[PDB]
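A.B. asks: Following this line is protein.txt, made up of compact mmCIF, C-alpha atoms (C1' of nucleotides) and all ligand atoms:
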```
# COMPACT_ATOMS: atom_id res chain seq x y z
CA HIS A 1 18.98 22.22 0.36
CA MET A 2 17.75 18.62 -0.03
CA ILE A 3 17.63 16.82 -3.38
CA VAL A 4 15.48 13.69 -3.69
CA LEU A 5 15.61 11.05 -6.40
CA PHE A 6 12.59 8.77 -6.69
CA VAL A 7 12.73 5.61 -8.78
CA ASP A 8 9.66 3.73 -9.96
CA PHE A 9 9.73 0.56 -12.13
CA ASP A 10 7.64 0.53 -15.33
CA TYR A 11 4.45 -1.65 -15.41
CA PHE A 12 6.59 -3.78 -13.17
CA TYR A 13 4.81 -7.14 -12.95
CA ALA A 14 4.03 -7.23 -16.66
CA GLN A 15 7.57 -6.02 -17.32
CA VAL A 16 9.19 -8.80 -15.28
CA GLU A 17 7.12 -11.29 -17.22
CA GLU A 18 8.51 -9.86 -20.45
CA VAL A 19 12.07 -9.88 -19.10
CA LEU A 20 11.57 -13.54 -18.19
CA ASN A 21 9.94 -14.18 -21.60
CA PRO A 22 11.28 -11.66 -24.21
CA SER A 23 8.84 -12.79 -26.92
CA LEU A 24 6.05 -11.06 -25.00
CA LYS A 25 7.48 -7.60 -25.75
CA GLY A 26 5.24 -5.61 -28.06
CA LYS A 27 2.21 -7.79 -27.27
CA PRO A 28 -0.37 -6.78 -24.70
CA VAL A 29 0.40 -8.54 -21.43
CA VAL A 30 -2.02 -8.84 -18.55
CA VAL A 31 -0.83 -10.34 -15.25
CA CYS A 32 -3.84 -11.69 -13.40
CA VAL A 33 -4.85 -13.17 -10.09
CA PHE A 34 -7.23 -16.08 -10.77
CA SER A 35 -9.70 -16.53 -7.91
CA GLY A 36 -10.78 -19.90 -9.31
CA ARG A 37 -14.44 -19.31 -8.35
CA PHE A 38 -15.33 -19.84 -12.00
CA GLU A 39 -13.28 -19.99 -15.20
CA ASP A 40 -11.29 -16.75 -15.55
CA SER A 41 -12.67 -15.19 -12.37
CA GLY A 42 -10.41 -12.76 -10.59
CA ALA A 43 -8.75 -9.45 -11.37
CA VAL A 44 -5.96 -7.67 -13.16
CA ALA A 45 -2.88 -7.14 -10.99
CA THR A 46 -1.41 -4.97 -13.76
CA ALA A 47 -0.95 -4.77 -17.55
CA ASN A 48 1.79 -3.50 -19.83
CA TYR A 49 1.12 -0.30 -21.75
CA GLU A 50 0.25 -2.32 -24.83
CA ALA A 51 -2.94 -3.27 -23.02
CA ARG A 52 -3.21 -0.21 -20.81
CA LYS A 53 -3.82 2.10 -23.78
CA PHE A 54 -7.03 0.13 -24.42
CA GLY A 55 -8.39 0.40 -20.87
CA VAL A 56 -7.02 -2.83 -19.40
CA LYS A 57 -5.64 -1.76 -16.01
CA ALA A 58 -5.19 -3.01 -12.44
CA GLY A 59 -8.51 -3.77 -10.75
CA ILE A 60 -10.81 -4.76 -13.65
CA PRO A 61 -12.24 -8.27 -13.65
CA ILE A 62 -10.16 -10.50 -15.92
CA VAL A 63 -13.53 -11.07 -17.60
CA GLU A 64 -13.95 -7.44 -18.62
CA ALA A 65 -10.31 -7.60 -19.71
CA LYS A 66 -10.89 -10.56 -22.05
CA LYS A 67 -13.82 -8.70 -23.59
CA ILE A 68 -11.61 -5.76 -24.45
CA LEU A 69 -8.51 -7.70 -25.57
CA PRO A 70 -9.67 -11.29 -26.10
CA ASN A 71 -6.33 -12.04 -27.74
CA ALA A 72 -3.85 -10.53 -25.27
CA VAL A 73 -1.46 -12.75 -23.30
CA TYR A 74 -2.89 -13.51 -19.86
CA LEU A 75 -0.38 -14.65 -17.25
CA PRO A 76 -0.96 -15.72 -13.60
CA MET A 77 0.64 -13.46 -11.02
CA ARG A 78 3.97 -14.65 -9.56
CA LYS A 79 4.86 -12.43 -6.59
CA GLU A 80 7.95 -14.26 -5.40
CA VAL A 81 9.71 -13.67 -8.69
CA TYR A 82 8.78 -9.98 -8.97
CA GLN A 83 9.87 -9.58 -5.37
CA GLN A 84 13.29 -11.15 -5.96
CA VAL A 85 13.76 -9.02 -9.05
CA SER A 86 12.74 -5.88 -7.13
CA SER A 87 15.24 -6.73 -4.40
CA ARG A 88 18.31 -6.97 -6.63
CA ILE A 89 17.44 -3.72 -8.34
CA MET A 90 16.89 -2.34 -4.88
CA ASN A 91 20.37 -3.52 -3.89
CA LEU A 92 21.92 -1.77 -6.89
CA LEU A 93 20.28 1.45 -5.74
CA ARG A 94 22.19 1.34 -2.48
CA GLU A 95 25.35 1.99 -4.49
CA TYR A 96 24.09 5.53 -5.02
CA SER A 97 22.98 6.17 -1.44
CA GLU A 98 22.77 4.54 1.97
CA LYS A 99 19.85 6.87 2.63
CA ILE A 100 17.20 4.84 0.82
CA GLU A 101 13.51 4.47 1.63
CA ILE A 102 12.02 1.43 -0.10
CA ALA A 103 8.42 2.62 -0.32
CA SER A 104 7.04 -0.54 -1.94
CA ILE A 105 7.78 -3.42 -4.27
CA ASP A 106 8.61 -1.09 -7.13
CA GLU A 107 9.60 2.30 -5.71
CA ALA A 108 12.43 3.78 -3.71
CA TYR A 109 13.50 7.23 -2.63
CA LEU A 110 17.19 8.03 -2.60
CA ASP A 111 18.61 11.01 -0.75
CA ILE A 112 21.30 12.36 -3.11
CA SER A 113 21.89 15.62 -1.25
CA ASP A 114 25.50 14.44 -0.93
CA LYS A 115 26.61 12.56 -4.04
CA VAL A 116 25.24 15.43 -6.15
CA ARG A 117 25.44 19.23 -6.28
CA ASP A 118 22.81 20.44 -8.75
CA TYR A 119 19.82 19.20 -10.79
CA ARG A 120 22.31 19.00 -13.67
CA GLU A 121 24.18 16.16 -11.97
CA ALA A 122 20.96 14.99 -10.38
CA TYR A 123 19.48 14.54 -13.82
CA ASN A 124 22.77 12.91 -14.92
CA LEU A 125 22.79 10.61 -11.91
CA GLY A 126 19.25 9.76 -12.94
CA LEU A 127 20.47 8.81 -16.38
CA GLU A 128 23.33 6.83 -14.85
CA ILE A 129 20.85 4.89 -12.71
CA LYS A 130 18.09 4.36 -15.30
CA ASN A 131 20.72 3.06 -17.67
CA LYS A 132 22.65 0.94 -15.18
CA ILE A 133 19.40 -0.78 -14.18
CA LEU A 134 18.49 -1.58 -17.78
CA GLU A 135 21.99 -2.98 -18.36
CA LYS A 136 22.07 -5.37 -15.40
CA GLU A 137 18.44 -6.47 -14.96
CA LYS A 138 16.84 -5.35 -18.23
CA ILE A 139 14.23 -3.16 -16.55
CA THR A 140 12.96 0.24 -17.63
CA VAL A 141 12.23 2.73 -14.85
CA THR A 142 10.99 6.29 -14.45
CA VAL A 143 13.03 8.64 -12.28
CA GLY A 144 11.65 11.65 -10.42
CA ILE A 145 13.91 14.35 -8.93
CA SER A 146 12.79 17.26 -6.74
CA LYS A 147 13.34 19.09 -3.44
CA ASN A 148 11.46 16.58 -1.25
CA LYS A 149 9.86 13.15 -1.49
CA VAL A 150 6.32 14.05 -2.60
CA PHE A 151 7.58 16.25 -5.42
CA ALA A 152 10.05 13.57 -6.44
CA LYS A 153 7.08 11.19 -6.76
CA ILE A 154 5.06 13.69 -8.83
CA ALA A 155 7.99 14.25 -11.21
CA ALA A 156 8.08 10.49 -11.86
CA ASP A 157 4.29 10.40 -12.29
CA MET A 158 4.31 13.06 -14.96
CA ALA A 159 7.20 11.32 -16.70
CA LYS A 160 6.20 7.65 -17.00
CA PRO A 161 6.91 5.27 -18.52
CA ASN A 162 10.70 5.11 -18.82
CA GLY A 163 11.07 8.83 -18.26
CA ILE A 164 13.12 11.14 -16.08
CA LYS A 165 11.94 14.49 -14.75
CA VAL A 166 13.27 17.27 -12.60
CA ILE A 167 10.84 19.58 -10.84
CA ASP A 168 13.18 22.34 -9.67
CA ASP A 169 12.31 25.01 -7.12
CA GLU A 170 10.90 27.24 -9.86
CA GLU A 171 8.34 24.65 -10.95
CA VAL A 172 7.42 23.57 -7.42
CA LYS A 173 5.87 27.00 -6.80
CA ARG A 174 3.86 26.69 -10.00
CA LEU A 175 2.65 23.17 -9.11
CA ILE A 176 1.48 24.24 -5.69
CA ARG A 177 -0.69 26.57 -7.77
CA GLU A 178 -1.64 24.58 -10.87
CA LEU A 179 -1.30 20.92 -9.85
CA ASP A 180 -4.63 19.16 -9.39
CA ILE A 181 -4.93 18.16 -5.72
CA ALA A 182 -6.06 14.66 -6.70
CA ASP A 183 -2.68 14.11 -8.36
CA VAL A 184 -0.96 14.45 -5.00
CA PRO A 185 0.27 11.21 -3.38
CA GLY A 186 -2.14 10.30 -0.60
CA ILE A 187 -5.29 11.80 -2.09
CA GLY A 188 -7.27 8.88 -3.43
CA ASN A 189 -10.86 8.88 -4.64
CA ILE A 190 -12.41 9.46 -1.23
CA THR A 191 -10.13 12.27 -0.08
CA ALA A 192 -10.36 13.83 -3.54
CA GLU A 193 -14.15 13.97 -3.23
CA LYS A 194 -14.03 15.33 0.33
CA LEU A 195 -11.68 18.17 -0.63
CA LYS A 196 -13.83 19.19 -3.60
CA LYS A 197 -16.75 19.80 -1.26
CA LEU A 198 -14.40 22.14 0.63
CA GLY A 199 -13.59 23.93 -2.59
CA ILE A 200 -10.06 22.58 -2.49
CA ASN A 201 -8.98 21.73 -6.05
CA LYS A 202 -5.35 22.79 -5.65
CA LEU A 203 -2.77 22.53 -2.86
CA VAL A 204 -2.82 26.30 -2.73
CA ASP A 205 -6.54 26.32 -1.92
CA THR A 206 -5.65 24.52 1.32
CA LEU A 207 -4.11 27.68 2.74
CA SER A 208 -7.35 29.66 2.42
CA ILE A 209 -9.30 27.46 4.82
CA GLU A 210 -9.36 27.34 8.61
CA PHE A 211 -7.22 24.40 9.69
CA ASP A 212 -9.96 23.26 12.05
CA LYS A 213 -12.53 22.82 9.29
CA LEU A 214 -9.93 20.97 7.23
CA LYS A 215 -9.05 18.56 10.05
CA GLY A 216 -12.67 17.70 10.74
CA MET A 217 -13.00 16.64 7.13
CA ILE A 218 -9.82 14.74 6.22
CA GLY A 219 -8.28 14.23 9.62
CA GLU A 220 -5.44 16.13 11.27
CA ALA A 221 -2.54 14.16 9.72
CA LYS A 222 -3.75 14.82 6.17
CA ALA A 223 -4.38 18.49 6.87
CA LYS A 224 -0.92 19.16 8.25
CA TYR A 225 0.40 17.14 5.31
CA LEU A 226 -1.44 19.11 2.63
CA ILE A 227 -0.89 22.39 4.51
CA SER A 228 2.82 21.64 4.65
CA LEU A 229 3.05 21.09 0.88
CA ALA A 230 1.07 24.26 0.18
CA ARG A 231 3.58 26.31 2.14
CA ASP A 232 6.60 24.60 0.43
CA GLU A 233 7.89 23.58 3.82
CA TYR A 234 7.27 19.83 3.55
CA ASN A 235 10.68 18.38 4.33
CA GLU A 236 10.45 14.80 5.63
CA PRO A 237 13.57 12.57 5.98
CA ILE A 238 14.24 9.27 4.22
CA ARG A 239 14.16 6.18 6.43
CA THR A 240 14.67 2.47 5.70
CA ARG A 241 11.29 1.20 6.90
CA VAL A 242 11.03 -2.43 7.98
CA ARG A 243 8.24 -5.02 7.71
CA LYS A 244 5.73 -4.61 10.49
CA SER A 245 3.15 -7.18 9.33
CA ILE A 246 2.96 -10.48 7.41
CA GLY A 247 -0.17 -12.11 6.09
CA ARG A 248 -2.22 -13.55 3.25
CA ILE A 249 -5.90 -13.61 2.28
CA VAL A 250 -7.40 -16.01 -0.25
CA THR A 251 -10.73 -16.17 -2.06
CA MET A 252 -13.07 -19.09 -1.47
CA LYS A 253 -14.55 -21.27 -4.20
CA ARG A 254 -17.90 -19.79 -3.12
CA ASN A 255 -19.27 -17.57 -0.34
CA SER A 256 -20.19 -19.08 3.02
CA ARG A 257 -21.07 -18.75 6.69
CA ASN A 258 -20.07 -22.31 7.55
CA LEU A 259 -17.07 -22.56 9.89
CA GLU A 260 -15.90 -25.92 8.47
CA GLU A 261 -16.30 -24.60 4.93
CA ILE A 262 -14.04 -21.64 5.64
CA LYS A 263 -11.41 -23.35 7.83
CA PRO A 264 -9.34 -24.98 5.03
CA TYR A 265 -8.94 -21.55 3.47
CA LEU A 266 -8.04 -19.80 6.72
CA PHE A 267 -5.61 -22.62 7.56
CA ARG A 268 -3.97 -22.38 4.17
CA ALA A 269 -3.65 -18.61 4.66
CA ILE A 270 -1.89 -19.23 7.98
CA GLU A 271 0.60 -21.74 6.54
CA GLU A 272 1.81 -19.31 3.87
CA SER A 273 1.84 -16.55 6.46
CA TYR A 274 4.19 -18.59 8.61
CA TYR A 275 6.36 -19.81 5.79
CA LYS A 276 6.76 -16.11 5.11
CA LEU A 277 7.40 -14.96 8.68
CA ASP A 278 10.60 -16.97 8.53
CA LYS A 279 12.28 -16.72 11.96
CA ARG A 280 10.20 -13.72 13.03
CA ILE A 281 7.78 -14.25 15.89
CA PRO A 282 4.59 -12.16 16.02
CA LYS A 283 2.72 -11.28 19.20
CA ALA A 284 -0.44 -10.17 17.42
CA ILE A 285 -2.73 -11.90 14.93
CA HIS A 286 -5.70 -10.72 12.90
CA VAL A 287 -8.26 -12.76 11.00
CA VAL A 288 -9.39 -10.65 8.04
CA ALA A 289 -12.50 -11.30 6.01
CA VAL A 290 -14.14 -9.75 3.00
CA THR A 291 -17.93 -10.05 3.19
CA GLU A 292 -19.83 -10.79 -0.04
CA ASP A 293 -20.62 -7.09 -0.54
CA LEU A 294 -16.87 -6.38 -0.55
CA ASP A 295 -16.93 -4.90 2.96
CA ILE A 296 -13.82 -5.72 5.02
CA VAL A 297 -14.31 -6.98 8.60
CA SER A 298 -11.57 -8.11 11.01
CA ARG A 299 -10.98 -9.43 14.53
CA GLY A 300 -7.63 -9.62 16.25
CA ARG A 301 -5.75 -10.25 19.49
CA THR A 302 -2.41 -9.31 20.98
CA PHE A 303 -0.71 -11.81 23.26
CA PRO A 304 1.91 -10.90 25.87
CA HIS A 305 4.14 -13.44 24.11
CA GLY A 306 4.95 -14.67 20.61
CA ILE A 307 2.40 -16.84 18.78
CA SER A 308 3.22 -20.46 17.93
CA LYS A 309 1.70 -22.03 14.84
CA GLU A 310 -0.58 -24.21 16.95
CA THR A 311 -1.86 -21.14 18.85
CA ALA A 312 -2.32 -19.35 15.54
CA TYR A 313 -4.47 -22.20 14.25
CA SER A 314 -6.55 -22.37 17.44
CA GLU A 315 -6.95 -18.61 17.76
CA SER A 316 -7.67 -17.99 14.09
CA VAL A 317 -10.78 -20.11 14.46
CA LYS A 318 -11.87 -18.37 17.64
CA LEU A 319 -11.50 -15.04 15.82
CA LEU A 320 -13.36 -16.36 12.78
CA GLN A 321 -16.22 -17.47 15.00
CA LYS A 322 -16.43 -13.97 16.41
CA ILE A 323 -16.77 -12.63 12.86
CA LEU A 324 -19.64 -14.93 11.80
CA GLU A 325 -21.16 -14.31 15.22
CA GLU A 326 -20.95 -10.53 14.98
CA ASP A 327 -21.90 -10.32 11.29
CA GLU A 328 -24.72 -12.04 9.39
CA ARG A 329 -23.22 -11.55 5.93
CA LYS A 330 -21.71 -14.34 3.83
CA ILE A 331 -17.91 -14.47 3.59
CA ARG A 332 -16.15 -14.10 0.23
CA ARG A 333 -12.46 -13.82 1.16
CA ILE A 334 -10.71 -14.97 4.35
CA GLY A 335 -7.16 -14.47 5.65
CA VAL A 336 -4.72 -13.68 8.46
CA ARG A 337 -2.15 -11.02 9.33
CA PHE A 338 0.62 -11.21 11.94
CA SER A 339 2.08 -8.09 13.51
CA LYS A 340 4.09 -6.79 16.50
CA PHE A 341 7.14 -8.96 15.82
CA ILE A 342 9.54 -9.71 18.66
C1' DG B 1 -7.06 16.37 31.33
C1' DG B 2 -4.31 13.13 29.04
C1' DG B 3 -0.72 9.33 28.11
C1' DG B 4 -0.86 4.77 25.74
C1' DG B 5 -2.25 0.76 24.08
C1' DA B 6 -5.43 -2.17 21.94
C1' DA B 7 -9.18 -3.12 18.65
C1' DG B 8 -12.02 -2.35 14.48
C1' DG B 9 -12.40 0.44 10.61
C1' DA B 10 -10.83 3.68 6.70
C1' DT B 11 -7.96 5.06 2.96
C1' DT B 12 -3.96 4.73 -0.24
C1' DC B 13 -0.86 2.77 -3.62
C1' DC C 1 -17.99 -8.89 -12.73
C1' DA C 2 -14.18 -7.12 -8.35
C1' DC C 3 -7.19 -10.25 -6.42
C1' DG C 4 -3.97 -9.00 -3.10
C1' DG C 5 0.00 -6.97 0.43
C1' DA C 6 0.83 -3.86 3.76
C1' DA C 7 1.40 1.10 5.80
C1' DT C 8 -0.70 5.23 7.93
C1' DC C 9 -4.23 7.15 10.22
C1' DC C 10 -9.03 7.70 12.70
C1' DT C 11 -12.30 6.66 16.25
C1' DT C 12 -13.94 4.39 20.42
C1' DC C 13 -12.97 2.03 24.71
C1' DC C 14 -10.27 1.16 28.47
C1' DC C 15 -7.08 1.56 32.57
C1' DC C 16 -5.61 5.01 35.67
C1' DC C 17 -2.60 8.63 37.26
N1 LIG D 1 -2.36 -7.62 -7.09
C1 LIG D 1 -2.29 -6.32 -7.38
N2 LIG D 1 -1.11 -5.74 -7.62
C2 LIG D 1 -1.00 -4.43 -7.87
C3 LIG D 1 -2.13 -3.62 -7.88
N3 LIG D 1 -1.72 -2.38 -8.15
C4 LIG D 1 -0.40 -2.41 -8.31
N4 LIG D 1 0.04 -3.66 -8.15
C5 LIG D 1 1.43 -4.11 -8.40
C6 LIG D 1 1.64 -4.28 -9.90
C7 LIG D 1 2.81 -3.55 -10.16
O1 LIG D 1 2.62 -2.83 -11.50
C8 LIG D 1 3.23 -2.77 -9.09
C9 LIG D 1 3.27 -1.42 -9.34
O2 LIG D 1 2.03 -0.84 -9.72
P1 LIG D 1 2.08 0.74 -10.00
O3 LIG D 1 0.57 1.25 -10.16
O4 LIG D 1 2.81 1.49 -8.96
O5 LIG D 1 2.76 0.89 -11.45
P2 LIG D 1 2.77 -0.23 -12.60
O6 LIG D 1 4.15 -0.76 -12.53
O7 LIG D 1 1.59 -1.11 -12.43
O8 LIG D 1 2.54 0.72 -13.88
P3 LIG D 1 3.30 2.14 -14.03
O9 LIG D 1 4.70 1.85 -14.76
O10 LIG D 1 3.48 2.86 -12.75
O11 LIG D 1 2.44 3.00 -15.07
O12 LIG D 1 2.57 -3.29 -7.91
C10 LIG D 1 -3.38 -4.17 -7.65
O13 LIG D 1 -4.39 -3.47 -7.70
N5 LIG D 1 -3.46 -5.55 -7.39
CA CA D 2 4.95 2.41 -8.29
CA CA D 3 5.46 1.48 -11.55
CA CA D 4 -5.18 10.11 -7.33
```
Please express the file's structure as structure tokens.

C.D. replies:
Amino acid sequence: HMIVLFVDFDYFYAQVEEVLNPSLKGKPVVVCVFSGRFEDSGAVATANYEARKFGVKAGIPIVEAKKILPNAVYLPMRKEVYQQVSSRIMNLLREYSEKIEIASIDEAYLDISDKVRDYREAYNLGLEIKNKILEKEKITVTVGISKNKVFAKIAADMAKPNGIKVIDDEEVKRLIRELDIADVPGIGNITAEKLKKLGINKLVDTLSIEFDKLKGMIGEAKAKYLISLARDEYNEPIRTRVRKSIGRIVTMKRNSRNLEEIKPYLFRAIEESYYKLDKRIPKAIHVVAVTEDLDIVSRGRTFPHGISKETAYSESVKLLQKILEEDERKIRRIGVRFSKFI
DNA sequence: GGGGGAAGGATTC
DNA sequence: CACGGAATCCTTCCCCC
């Protein structure tokens, strides 16, 4: 009987930038993360649709971006701001439901099984929310309403930007038949490829395959997940998940294997990590490194107690040494991550 | 046989 | 060319009932 409303903010980072600087509207905006290795090195965090239409999306080197739209506005990323803007919007969403699962910086699932009665009011409560967000914060969002969370997310996906969709029970049965598996939340490029080899192009194709051969390919959790959606019996609750890890990774001016060359970067990463922990004490720490060929390697340790800053500094090195010791590749990015809070 | 954690890796958004 | 934060899940190893 459950009704789920999913809210997703439009080209969020770029959009905040435009809210904070209204002149930018209508121009192509590209929020970037400058790695400083060389002039304009780094990547695209995101881009408004003005630039997205032309191929400038999250992940491309800012360099390839400048080649496509040499005259677009290129802003440095400012997480703290986007995060404080997300939060307030997120607090206005609580007015519509206590049952709210903040999935990420720009998404939230609201259980409206109560406050509403039908997709008529659902859809109207969507319009009340999309509009009340625009009023207060000046942010466009796309709403997705369906029987469960996954389908609420798909409804939003098909309706962005600034849209609102309702995939009722009629449509759900047609999506489980027509919807391209790859368009299902959780099926990225690697799981999409693996399922193709199994002849699984639709969620419905998942039913016609021995569960054991499906598990051995994508893992048990994914199988039961995809199987569940195929049978229209996926019905997971909404929970208010809490932070379980805090960390930061930075890029070096140039690759290295030298411990003293990498330290300043690792130490900076720790400082920000701690300034972010803010009152929370972690019992586990992980030094994370991206080797020059973009492979991610990491070494960590769990202590029976909380970690002080001074023990974080001392241990981080020890863990970094293990990495250079156990890997002959040059290091491109270095960072830390604190988990298992007290 | 199997609980449970810890560690390193894998994948997603 | 190619930044960055964090969650879920997998596999192997380990201790030990
Ligand atoms: N640094 C960085 N940030 C990202 C990346 N991908 C997404 N983000 C940020 C940028 C934001 O747009 C936000 C949400 O991204 P989404 O892909 O969910 O949607 P976005 O708002 O980018 O566009 P959309 O309205 O969904 O078409 O989180 C990434 O690859 N790197
Ligand atoms: Ca999103
Ligand atoms: Ca979005
Ligand atoms: Ca996909």

A.B. asks: Just want the residues within 7 Å of ligand CA 4 (chain D), written as a short mmCIF file (atom, residue, chain, number, x, y, z; two decimals) with C-alpha atoms, in the coordinates of the input, counting all atoms listed in the file.

C.D. replies:
```cif
data_model
loop_
_atom_site.label_atom_id
_atom_site.label_comp_id
_atom_site.auth_asym_id
_atom_site.auth_seq_id
_atom_site.Cartn_x
_atom_site.Cartn_y
_atom_site.Cartn_z
CA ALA A 182 -6.06 14.66 -6.70
CA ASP A 183 -2.68 14.11 -8.36
CA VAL A 184 -0.96 14.45 -5.00
CA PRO A 185 0.27 11.21 -3.38
CA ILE A 187 -5.29 11.80 -2.09
CA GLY A 188 -7.27 8.88 -3.43
CA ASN A 189 -10.86 8.88 -4.64
#
```

A.B. asks: Find the residues in chain A near chain C: any atom within 8 Å counts, using only C-alpha atoms (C1' of nucleotides). Write them as a JSON list (two decimals) with C-alpha atoms, in the coordinates of the input.

C.D. replies:
```
[["chain", "number", "residue", "atom", "x", "y", "z"],
["A", 32, "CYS", "CA", -3.84, -11.69, -13.40],
["A", 33, "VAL", "CA", -4.85, -13.17, -10.09],
["A", 34, "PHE", "CA", -7.23, -16.08, -10.77],
["A", 35, "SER", "CA", -9.70, -16.53, -7.91],
["A", 42, "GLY", "CA", -10.41, -12.76, -10.59],
["A", 43, "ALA", "CA", -8.75, -9.45, -11.37],
["A", 44, "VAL", "CA", -5.96, -7.67, -13.16],
["A", 45, "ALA", "CA", -2.88, -7.14, -10.99],
["A", 59, "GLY", "CA", -8.51, -3.77, -10.75],
["A", 60, "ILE", "CA", -10.81, -4.76, -13.65],
["A", 61, "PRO", "CA", -12.24, -8.27, -13.65],
["A", 63, "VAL", "CA", -13.53, -11.07, -17.60],
["A", 64, "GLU", "CA", -13.95, -7.44, -18.62],
["A", 219, "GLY", "CA", -8.28, 14.23, 9.62],
["A", 221, "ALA", "CA", -2.54, 14.16, 9.72],
["A", 245, "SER", "CA", 3.15, -7.18, 9.33],
["A", 246, "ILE", "CA", 2.96, -10.48, 7.41],
["A", 247, "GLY", "CA", -0.17, -12.11, 6.09],
["A", 248, "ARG", "CA", -2.22, -13.55, 3.25],
["A", 249, "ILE", "CA", -5.90, -13.61, 2.28]]
```

A.B. asks: Under the rule that all atoms listed in the file are counted, which of A:125, A:156, A:134, A:19 is the nearest residue to ligand CA 3 (chain D)?

C.D. replies: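 Nearest to ligand CA 3 (chain D): A:156.
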
A.B. asks: Counting all atoms listed in the file, which residues of chain B come no farther than 10 Å from chain A, as a PyMOL selection string?

C.D. replies: chain B and resi 6-13

A.B. asks: Using the file's own x, y and z axes, what box holds all listed atoms of ligand LIG 1 (chain D) with 8 Å on each side, keeping edges along x, y and z, and what are its centre and edge lengths in Å to one decimal, as lines of an AutoDock Vina configuration file?

C.D. replies:
```
center_x = 0.2
center_y = -2.3
center_z = -11.1
size_x = 25.1
size_y = 26.6
size_z = 24.0
```

A.B. asks: Rank nothing, just name the residue among A:50, A:157, A:326, A:180 nearest to ligand CA 2 (chain D), using all atoms listed in the file.

C.D. replies: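 So, comparing all the options, the nearest one is A:157.
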
A.B. asks: Name each residue within 10 Å of ligand CA 2 (chain D), counting all atoms listed in the file, as a PyMOL selection string.

C.D. replies: (chain A and resi 7-12+103-108+141-142+153+156-157) or (chain B and resi 13)

A.B. asks: Give me, as a JSON list (two decimals) with C-alpha atoms, keeping the file's coordinate frame, all polymer residues having an atom no more than 12 Å from residue A:315, counting all atoms listed in the file and skipping those fewer than 6 positions away in the same chain.

C.D. replies:
```json
[["chain", "number", "residue", "atom", "x", "y", "z"],
["A", 263, "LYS", "CA", -11.41, -23.35, 7.83],
["A", 266, "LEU", "CA", -8.04, -19.80, 6.72],
["A", 267, "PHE", "CA", -5.61, -22.62, 7.56],
["A", 270, "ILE", "CA", -1.89, -19.23, 7.98],
["A", 284, "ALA", "CA", -0.44, -10.17, 17.42],
["A", 285, "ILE", "CA", -2.73, -11.90, 14.93],
["A", 286, "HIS", "CA", -5.70, -10.72, 12.90],
["A", 287, "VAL", "CA", -8.26, -12.76, 11.00],
["A", 299, "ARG", "CA", -10.98, -9.43, 14.53],
["A", 300, "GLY", "CA", -7.63, -9.62, 16.25],
["A", 301, "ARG", "CA", -5.75, -10.25, 19.49],
["A", 302, "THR", "CA", -2.41, -9.31, 20.98],
["A", 303, "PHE", "CA", -0.71, -11.81, 23.26],
["A", 307, "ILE", "CA", 2.40, -16.84, 18.78],
["A", 308, "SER", "CA", 3.22, -20.46, 17.93],
["A", 309, "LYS", "CA", 1.70, -22.03, 14.84],
["A", 321, "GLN", "CA", -16.22, -17.47, 15.00],
["A", 322, "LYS", "CA", -16.43, -13.97, 16.41],
["A", 336, "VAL", "CA", -4.72, -13.68, 8.46]]
```

A.B. asks: How far is it from atom CA of residue A:136 to atom CA of residue A:95, in Å with one decimal?

C.D. replies: 13.6 Å

A.B. asks: Work out how far apart atom CA of residue A:17 and atom CA of residue A:65 are and give it in Å to one decimal.

C.D. replies: 18.0 Å

A.B. asks: Which distance in Å separates atom CA of residue A:46 and atom CA of residue A:271, to one decimal?

C.D. replies: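 Taking atom CA of residue A:46 and atom CA of residue A:271, their separation equals 26.4 Å.
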
A.B. asks: Can you pull out every residue within 12 Å of stretch 212-217 of chain A, counting only C-alpha atoms (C1' of nucleotides), but drop anything in the same chain fewer than 3 positions away, and send it as a ChimeraX atom specification?

C.D. replies: /A:190-200,205-209,220-227 /C:10
